[PDB]
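Novice: I need the structure of the sequence given here:
(3 chains)
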Amino acid sequence: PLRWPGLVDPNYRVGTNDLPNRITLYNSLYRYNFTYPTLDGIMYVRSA
Amino acid sequence: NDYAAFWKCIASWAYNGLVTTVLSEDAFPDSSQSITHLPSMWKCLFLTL
Amino acid sequence: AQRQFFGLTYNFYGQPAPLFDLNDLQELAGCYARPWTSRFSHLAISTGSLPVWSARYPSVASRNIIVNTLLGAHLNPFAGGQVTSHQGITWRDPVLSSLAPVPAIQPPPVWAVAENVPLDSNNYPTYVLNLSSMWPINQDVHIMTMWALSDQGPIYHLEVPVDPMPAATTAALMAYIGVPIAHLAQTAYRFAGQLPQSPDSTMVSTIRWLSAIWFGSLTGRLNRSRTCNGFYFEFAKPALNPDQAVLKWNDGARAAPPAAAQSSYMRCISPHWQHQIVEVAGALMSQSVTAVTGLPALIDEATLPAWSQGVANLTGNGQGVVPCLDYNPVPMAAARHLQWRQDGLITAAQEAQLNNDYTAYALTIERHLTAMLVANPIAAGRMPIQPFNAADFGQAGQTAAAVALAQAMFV
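Specialist: Numbers count the residues shown, from 1 in each chain, chains lettered A, B, ... in the order given. Find the structure here:
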């Protein structure tokens, strides 16, 4: 169970790990939906 | 075109908050231009009226 | 820009020498690289992605604490006007670009150890003459000072003008909507860090508002019900991990500006700050503004450790003195929840539940830290975490005054 604290340990708190000493396999993470506007999409640019 | 813009402007009044009629961007004079440039000077007159 | 600053080195907690070993320096400021903007290079969105839970540097604040102690051994030029060496290491150049072992032919004089050393920029003329390149020093020295002045949490400054927000700040904030606090704090640190700026700059006003909004939401005065020009912060559920906040914009009623300009200094009175990212980021972000604009006024000595009593250019007890408030997160959370119920966001049943969850969460932080201290006794020669006593987790501090300030700050 040591490698699965976030799946079987009742006392597991979100946001913890044992990274420098052990590698867990089931944790909580974030995911993103970034968008990448071009320069013209950022500012008011048109022809003269 | 039977002066469609004029009637559209009048009609837009009854539906403001749903549609807003605006002056065309190209109607504006060039920003870098100077007042001495007569064609640009005329534009402001119409733009103001 | 700003051609002058003042500073104060750390205090030794009874120990005879600054608290860091060679490996600390070798890792945190080695590689002959510039150490002057590294503070965020070892931070991320949340604790779950960080090694802060074990081994060396076993706390969120640990690395930055060590950095502050490290600088205390090498900032002599702003104290005595000369570059020195400590344990065989010194700056490579009068510009203080980076550290290196001492040369064998003409070593600089060895630094005489001392603590709580006052610092002036004027003591080292070459700094101003090279302000364009040595500018990053200003920010870090300020940050180091703002932490050194206090036990428990670092000190930072708050203020709100009587005017509405300018349009530029509004547009900028409208681009930072879905961003967590940690990323925002980085940009504030990045901005003021790398080149001189005038206080009359758009970003400076922007960050000033952010610190205000952060505190107002922290106290719970700013909510979905009541917002600052449409903005406010949202905090994560205590049931999972309350140590997270993001920016929001909303249709809620907008708070009126205060009758008169409000301002004060702040700090966390309890050790919880050492392992709580929202506290660290909030402090750093706020401290960044003061770094570029300088201290508006002297800080009140009334509630500060002994070494902070009457420090020149920093602390005072005279007329032109701004009081400093402090708070404990647990009573703060209870107040925030209470405000939510009064605003009608939640029911009384939920409010009771939220208090139970947050108290349980805080207990873990205390339990972790107190166990971590005995694992790293300060007598070992390095201080990864600031010392404290068990009773320090129970102090209510001036929390009641703090929420009163936000009450007056966002009417």
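Novice: Chain B: strands as residue ranges?
Specialist: For chain B, strands defined by DSSP state E do not occur.
Novice: which residues in it form helices?
Specialist: Secondary structure of chain B (DSSP state H): helices at B:4-14, B:38-48.
Novice: from what I can see residue C:154 touches residue C:265, true?
Specialist: No - the criterion here is C-beta atoms under 8 Å, and residue C:154 misses it with residue C:265 at 10.5 Å. C-beta coordinates here come from the backbone N, C-alpha and C atoms, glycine included.
Novice: Give me the more crowded residue out of the two.
Specialist: Neighbour tally, residue C:154 and residue C:265, criterion other C-beta atoms under 10 Å in any protein chain shown: the higher count belongs to residue C:154, 27 against 24.
Novice: residues contacting that one?
Specialist: Residue C:154 makes contact with C:146-147, C:267-268, C:273, C:283, C:287, according to C-beta atoms under 8 Å, 6 or more residues apart in numbering or on different chains.
Novice: next one: residue C:179
Specialist: C:246-247.
Novice: So it versus chain A, what's the distance?
Specialist: For residue C:179, the distance to chain A (C-beta to the nearest C-beta, to the nearest Å) stands at 11 Å.
Novice: Ok, residue C:325 next?
Specialist: According to C-beta to the nearest C-beta, residue C:325 stands 28 Å off from chain A.
Novice: Quickly find the element holding that residue.
Specialist: Residue C:325 belongs to strand C:324-327 when assigned by DSSP states H and E.
Novice: which one is the residue in chain B that chain A sits nearest to nearest to, not counting chain neighbours?
Specialist: Chain A sits closest to residue B:30 of chain B, with a gap of 5.5 Å, by C-beta to the nearest C-beta. Nearest residue to residue B:30, sequence neighbours excluded (C-beta to C-beta, 6 or more residues apart in numbering or on different chains): residue A:48, at 5.5 Å.
Novice: Kindly report the same for residue C:384.
Specialist: Nearest to residue C:384 is residue C:62, by C-beta to C-beta, 6+ apart, at 4.5 Å.
Novice: ok, so what distance separates the spatially most central residue of chain B from residue C:142?
Specialist: Nearest to the geometric centre of chain B sits residue B:23, at 3.6 Å (C-alpha atoms, centre = their mean). According to C-beta to C-beta, to the nearest Å, residue B:23 and residue C:142 sit 50 Å apart.
Novice: List the contacts of the residue nearest to residue C:384.
Specialist: Here residue C:62 is in contact with C:52, C:56, C:274, C:384-385 (criterion: C-beta under 8 Å, 6+ apart).
Novice: Drop anything exposed from those residues.
Specialist: Buried members of those, counted by 16 or more other C-beta atoms under 10 Å in any protein chain shown: C:52, C:56, C:274, C:384-385.
Novice: In those residues, find the pair that's most separated.
Specialist: Spatially, the most separated pair among the buried ones among the contacts of residue C:62 is C:56 and C:274, at 15.0 Å (C-beta to C-beta).
Novice: So the residue nearest to residue B:30: helix, strand or coil?
Specialist: Classification of residue A:48 by DSSP: H, G, I helix; E, B strand; the rest coil places it in coil.
Novice: Could you check how many residues crowd around it?
Specialist: Using other C-beta under 10 Å, residue A:48 is surrounded by 6 other residues.
Novice: Quick check: it touching residue B:28?
Specialist: No - counting by C-beta under 8 Å, residue A:48 stays clear of residue B:28, with 11.0 Å between them.
Novice: what's next to the strand holding residue C:325, contact-wise?
Specialist: With C-beta under 8 Å, 6+ apart as the test, strand C:324-327 has contacts from C:152-153, C:155, C:264-269, C:299-300, C:303-304, C:397-399, C:401-402, C:405.
Novice: Which ones among those map onto helices?
Specialist: Those of the contacts of strand C:324-327 mapping onto helices are C:399, C:401-402, C:405, per DSSP H.
Novice: hang on, the earlier thing: what about the residue nearest to the centre of chain B, distance to chain C?
Specialist: As judged by C-beta to the nearest C-beta, residue B:23 and chain C stand 21 Å apart.
Novice: need the residues of chain C near chain A, please.
Specialist: C:45-51, C:53-55, C:240-241, C:243, C:361, C:364 (C-beta under 8 Å from any C-beta of the partner chain).
Novice: Out of the residues you listed, which two sit at the greatest distance?
Specialist: C:55 and C:240 (25.4 Å).
Novice: now the helices for chain A?
Specialist: With helices called from DSSP H, chain A shows them at A:5-8, A:39-42.
Novice: Out of those, which is the most enclosed?
Specialist: Highest mean neighbour count among the helices of chain A (mean count of other C-beta atoms under 10 Å in any protein chain shown): helix A:5-8, with a mean of 14.
Novice: what distance separates it from the centre of its chain?
Specialist: Here helix A:5-8 is found 18 Å from its chain centre; the criterion is C-alpha atoms, centre = their mean, to the nearest Å.
Novice: which helices and strands sit right next to that helix?
Specialist: Applying 3 or more C-beta pairs under 8 Å, 6 or more residues apart in numbering or on different chains; DSSP states H and E, one finds that helix A:5-8 contacts no other helix or strand.
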